[PDB]
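> Sharing a structure with you now.
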Amino acid sequence: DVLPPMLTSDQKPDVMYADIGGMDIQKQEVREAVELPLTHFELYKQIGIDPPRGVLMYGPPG
Amino acid sequence: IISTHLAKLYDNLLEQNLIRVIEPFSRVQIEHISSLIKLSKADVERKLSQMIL
Amino acid sequence: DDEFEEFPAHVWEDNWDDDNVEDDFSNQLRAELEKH
Amino acid sequence: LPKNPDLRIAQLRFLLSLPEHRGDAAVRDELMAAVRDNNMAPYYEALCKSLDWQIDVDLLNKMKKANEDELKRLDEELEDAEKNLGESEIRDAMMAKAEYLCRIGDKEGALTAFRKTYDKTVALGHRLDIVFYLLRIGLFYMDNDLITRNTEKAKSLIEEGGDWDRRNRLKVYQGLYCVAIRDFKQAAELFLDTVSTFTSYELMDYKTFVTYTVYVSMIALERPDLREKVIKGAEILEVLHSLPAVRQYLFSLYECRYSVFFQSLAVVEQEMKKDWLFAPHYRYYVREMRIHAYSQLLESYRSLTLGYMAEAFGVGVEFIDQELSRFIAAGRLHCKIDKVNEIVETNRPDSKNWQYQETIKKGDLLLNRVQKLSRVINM
Amino acid sequence: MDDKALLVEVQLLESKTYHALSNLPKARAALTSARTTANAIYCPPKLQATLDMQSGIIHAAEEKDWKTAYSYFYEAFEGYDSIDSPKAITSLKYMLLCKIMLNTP
Amino acid sequence: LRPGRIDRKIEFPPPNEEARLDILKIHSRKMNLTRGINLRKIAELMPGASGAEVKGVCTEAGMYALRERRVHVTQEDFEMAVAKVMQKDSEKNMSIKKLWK
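Right under this line is the structure:
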C-alpha cells in the first residue's frame, strides 16, 4: 500500500478584500504577483513572462 | 454618467423584482406579473425574453 | 484493388440557397414597409 | 508597408464591373485619376479591353513612354550594381525593379521579378517583405492559388524565426482571404485577435476594418462571445461612435430590437454588394443573419403568435410565413408553423434528445469507417 | 518641454475623451499617466480635485469598486467646495449615485 | 581559495554594454515586441545593471503590458520597467551626505 500522507494553512483566514479599505494599488500589485499566476497563467504565457514569485511590502509600523 | 448607472440600476432592480415575484409560480399569466410589479405587459414580456436569452 | 473498368468514366462549401429572389433582403423589405 | 497597388484600385474596378455602378461618373473619374497618377499601363490596357472603353491615345502614349523610361533606368541601374556592386545592392536594384513592375500592374513581370529577388535574398525580413508583396498582388487579382501558396510560404518563414509586426500583418491577410473564401469563423477569430493592433493601413482604413470585424463577428460568434468581445470591446466600440450605421446594426441584434435589425441588415446588404471582397457573399451573409435573428427571437419562446413576431420584426404576416417556411425547410431553424390559427410552435430538442441524435450520427460515421476497415482487412 | 501642469491638463482631457469614446482601458491608462505626472509637481486644488473626480468616474464606470469611486468623488467635492467652484453639485450628485448603487440608499 | 583546492577563480562582472543587449534579447525572445523597440537603447538606459536587473526589466515591461489588456510591449513600457526595477534609493540626510568634502 501507499498511504496518502499539515502544519500551516489550515486555519482558514477570515479577513476579506471588502474588509481591507483603500490600498487599491497595493492590492493590485500583490494580486498580480500572488493570485493571477495561479488563476490565469495564460495571460502570462501570452506576454511570455516569468511570473514574479516574490514581493516585498514597505511601510510604517502599521 | 449618472444616467447610465441609474439605467443599469433600473434594469437590475427589475430583474430582482421579477425573479422574486415569479419564484412562487410555475405556469403564470403574464398579465399577473404585470399586475404584481406594476409595469406594462409589453415591457415585462421583453425583459423576460431578455432574461431567458 | 480493381478499377471497375466495365464502367466507362469555387472553394466555398456551398449548400443550396442559390435561388432566384427579388434581391435577398432589400427590395423585399422596402415593399414590406411600403405595404405596412 | 507600401501600397503595391492601392487595393482601392481593385475596389474601383469591381464597383465599375458591377452593372448597377457601371455608369458611375465619379467612380470612373477617380479610377482613371489613380491610373494616370501611378502609371499602370498594362492594367489600363486590361481595363479598356475588359470594360469596352474608348482608348485615349493622346495620354496612353505618354503613359507607355514614361513606363518604358522608368523600367529602362531601373534595369540599367541593376546591371550597374551587378557589374560594380555586391549582392547588398544588386538585391535592392532588383527589389526596385519588382516594385515598379507591381506598381505598373504588369502581373507576369512583377511575379517573375519578385520570384527572382526571393531566390537571391537571404535576409528573413526582406524575404517576408517580398512574400507580403506577392500576397497583396494575389489579393489584388483574386488568384486563390497564388494567395494560398504564398500564405503557407509566409507561415513557414515566420515559423522559421519571425517578428510580431509581421505576425499581425499576416493575420490580417489571412482574415481578408478567409472573408474571400467564406470562412467567417476564422475571419472573426483573426480579426478580433488583431483589432487592437491594426497596423496594415495599406489594405483598408481602420473604419473599414472595424466594420468588417463587426460584420464577421455577428455572423460567426455566439451571443456570449459577441457581448464579451465586440460590444464590450474597447476599440471595436470606440470606432462605432464615428460609425453610426454599424453601431445601430450591432446593438439592435444584441438588445433584441429586431425591426431596426432588419433595417440595418438591408443597409449592410446594399453596402456589401458594392464591396469587392464581400460581393460573392452578400446573399449568404444576409440569409445567415436573418436565421440568427429568427433563432434568437425564438430561443425564448414556445408558441410565438405570427402577428406579434411580424410586429417585432417590422414586417407583415405573409413575408414571415414565406421566409420561415423556407428556413425550416432548409433545416436551420427549430420551429413549425400552424397557419389555420396563425401560431409558430417551437420544437426545440431537449438536451438528452439532442445528445441522443448526435450519438446516433457520430457513431454512424465511426461505424461506417470501422466497417470498411474490418471488411477490408479481415479478408 | 515645460508646464508639466499643462501636461496633466492635456492628459486628463485625453482621458475624458477616451472615456467618452467608451475605451475604458485606455482612459484608465491616461488617468494613471496623469496621476503619476501629478505626483511629481504641485497640484493646485482645482487640478487635484479634477484628477480625483476623473478617477472617480473611471472607477465607477469600469472596476465596479464604487467605494473607491465615492472616495474620489468626495475628494473632488471637498476640493470644489473649498475653491467655491460651479461644478461641485456634479461631484455631490456622483457621491449620492455611488451611495445608491452600493445598495445602501 | 588556495590554488590547490580552488584552482580557478572566475569573476562575473555586471554585464557591460551590449552584454546587457545580449541579456535583453535572451529574456525578450519569448515576448511580443513592436517594430520599433530598440533593445540597444534599453541597454544604454540601463547602466551598471546586473543580469537579474535585466530579467526584472523584461518581466516588469511584461506586467505593464498585462495591465492594459494588451499583449504587446512597447519602448515606453520598457522605459517604465527600467525605472520601476532600477530604483536607486538615496539617503536624503544632506548632512550625512556632506560630512565628506
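Chains as they are written, first to last, in the deposited numbering: chain S, 141 to 145, 153 to 209; chain F, 318 to 370; chain G, 16 to 24, 37 to 63; chain W, 11 to 389; chain D, 160 to 264; chain A, 306 to 406. Built from N, CA and C at the ideal position, the CB exists for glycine as well.
Where does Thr315 (chain W) fall in DSSP's three states?
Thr315 (chain W) falls in the strand class under three-state DSSP.
> Looking at chain W, which residues of the stretch 321-343 of chain F have a Cβ within less than 9 Å of any of its Cβ atoms?
The residues in question: there are none.
> Relative to the alpha-carbon of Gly356 (chain A), which residue among A:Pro319, A:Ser400, A:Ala348 has its alpha-carbon at the smallest distance?
Measuring from the Cα of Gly356 (chain A), the nearest candidate turns out to be A:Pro319.
> Identify which residue in A:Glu323, A:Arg310, A:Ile328, A:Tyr369 has its Cα closest to the Cα of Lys389 (chain A).
It is A:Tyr369.
> Here's a check: name, in chain order, each residue in its chain whose Cβ is nearer than 8 Å to the Cβ of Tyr294 (chain W), leaving out the five neighbours to either side.
Hits under 8 Å: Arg192.
> Anything in the stretch 357-387 of chain A with a Cβ closer than 7 Å to a Cβ of chain D? List those residues in chain order, please.
Against chain D - using a Cβ distance shorter than 7 Å - the residues of the stretch 357-387 of chain A are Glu373, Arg374.
> Is it the case that the Cβ atoms of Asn14 (chain W) and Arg125 (chain W) are separated by a distance below 8 Å?
Not in contact: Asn14 (chain W) and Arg125 (chain W) (Cβ atoms no closer than 8 Å).
> List the endpoints of the continuous beta strand (DSSP E) containing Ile301 (chain W).
Per DSSP, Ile301 (chain W) belongs to no beta strand (DSSP E); it is in the alpha helix (DSSP H), 292-308.
> Quick check on DSSP: helix, strand or coil for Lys346 (chain W)?
In this structure, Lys346 (chain W) counts as strand in the three-state DSSP scheme.
> Assuming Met299 (chain W) and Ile229 (chain W) make a contact with CB atoms under 8 Å, what is their CB distance in whole Å?
With a Cβ gap of about 6 Å, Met299 (chain W) and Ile229 (chain W) count as contacting.
> Quick check: is the beta carbon of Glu18 (chain G) nearer than 8 Å to any beta carbon in chain W?
So no, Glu18 (chain G) is outside the interface.
> With contact counted as at least three CB pairs below 8 Å, one residue from each stretch, are the stretch 308-324 of chain W and the stretch 23-39 of chain W in contact?
Touching, no, given that fewer than three Cβ pairs across the two stretches are closer than 8 Å.
> Closer than 9 Å by beta-carbon distance: list the chain A residues that pair up with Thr218 (chain W), in chain order.
Those do not exist, as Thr218 (chain W) stays about 22 Å from chain A at its closest Cβ, beyond 9 Å.
> With DSSP collapsed to three states, give me the class of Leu338 (chain A).
Residue state, collapsed to three classes: strand.
> Would you mind giving the Cβ-Cβ distance between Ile319 (chain F) and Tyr253 (chain D), rounded to the nearest angstrom? I have them listed as a contact below 8 Å.
About 7 Å separates the two Cβ atoms, so the contact holds.
> Return yes when the Cβ of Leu171 (chain D) is within less than 8 Å of the Cβ of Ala193 (chain D), no when it is not.
In this structure, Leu171 (chain D) lies closer than 8 Å to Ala193 (chain D) by Cβ.
> Take the Cβ of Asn343 (chain A) as the centre, count every other Cβ of all protein chains shown within 10 Å, and call the residue buried at 16 or more, exposed below.
Exposed, since its Cβ has fewer than 16 Cβ neighbours within 10 Å.
> In terms of residue numbering, what span does the beta strand (DSSP E) encompassing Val354 (chain W) cover?
It spans 353-355 - the beta strand (DSSP E) in which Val354 (chain W) sits, taken as one unbroken run.
> Using DSSP's beta-bridge definition, name the partner residues of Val378 (chain A).
BP columns for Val378 (chain A) point to A:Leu338.
> Contact check, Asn77 (chain W) vs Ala51 (chain W) under 8 Å by CB: the rounded distance?
With a Cβ gap of about 5 Å, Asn77 (chain W) and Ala51 (chain W) count as contacting.
> Which chain F residues are close to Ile259 (chain D), counting only those with a beta carbon under 9 Å from its beta carbon?
Those are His322, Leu323, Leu326, listed as they occur along chain F.
> With 8 Å set as the bound, which would you pick, yes or no: does the beta-carbon of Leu190 (chain S) sit closer than that to a beta-carbon of chain A?
So yes, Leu190 (chain S) belongs to the interface.
> Excluding sequence positions up to five away, which residues of its chain have a Cβ less than 7 Å from the Cβ of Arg336 (chain W)?
Counting only Cβ-Cβ distances below 7 Å, and skipping sequence neighbours, we find nothing.
> Does DSSP classify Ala106 (chain W) as helix, strand or coil?
In the structure shown, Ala106 (chain W) sits in a helix (DSSP, three-state: H, G or I).
> Find the nearest neighbour of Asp46 (chain G) within the set W:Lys371, W:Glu333, W:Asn94, W:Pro254, judged by alpha-carbon distance.
When only C-alpha atoms are compared, the closest one is W:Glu333.
> Could you tell me whether the stretch 125-135 of chain W touches the stretch 92-105 of chain W, using the rule of 3 or more Cβ pairs below 8 Å?
Counting Cβ pairs under 8 Å, three or more are found: they touch.
> In the stretch 163-177 of chain S, which residues sit with their C-beta less than 7 Å from some C-beta in chain D, listed in chain order?
Listed by position, the residues of the stretch 163-177 of chain S near chain D (Cβ gap below 7 Å) are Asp171.
> To be precise: take each residue of the stretch 342-365 of chain F, compare its Cβ to all Cβ atoms of chain D, and keep it if any distance is under 9 Å. Which residues remain?
Those would be none; no residue qualifies.
> Does the stretch 235-245 of chain W come close enough to the stretch 188-208 of chain W to have 3 or more Cβ pairs within less than 8 Å?
In short, these stretches touch, since the Cβ pair count reaches three.
> With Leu203 (chain S) as the anchor, note down where its alpha helix (DSSP H) starts and where it stops.
First-last for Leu203 (chain S): undefined, no H or E at that position.
> What distance in whole Å lies between the Cβ atoms of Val296 (chain W) and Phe52 (chain G), which are believed to be in contact at a cut-off of 8 Å?
That belief holds up - the Cβ atoms of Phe52 (chain G) and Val296 (chain W) are roughly 5 Å apart, short of 8 Å.
> Which chain A residues are close to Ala188 (chain D), counting only those with a beta carbon under 7 Å from its beta carbon?
Near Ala188 (chain D) (Cβ distances below 7 Å), the residues of chain A are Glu373.
> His349 (chain F): buried (16+ other C-beta within 10 angstroms of its C-beta) or exposed?
Exposed, because fewer than 16 other Cβ atoms sit within 10 Å of the Cβ of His349 (chain F).
> With a CB to CB cut of under 6 Å and the five nearest residues on each side skipped, what residues in its chain are close to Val240 (chain W)?
Answer for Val240 (chain W): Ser227, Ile246, listed in chain order.
> State the start and end residues of the unbroken alpha helix (DSSP H) segment that holds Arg257 (chain W).
Counting along the chain, the alpha helix (DSSP H) containing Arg257 (chain W) begins and ends at 254-265.
> Let me see if you follow: with CB-CB separation under 8 Å, is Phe272 (chain W) close to chain G or not?
True, the Cβ-Cβ gap to chain G drops below 8 Å.
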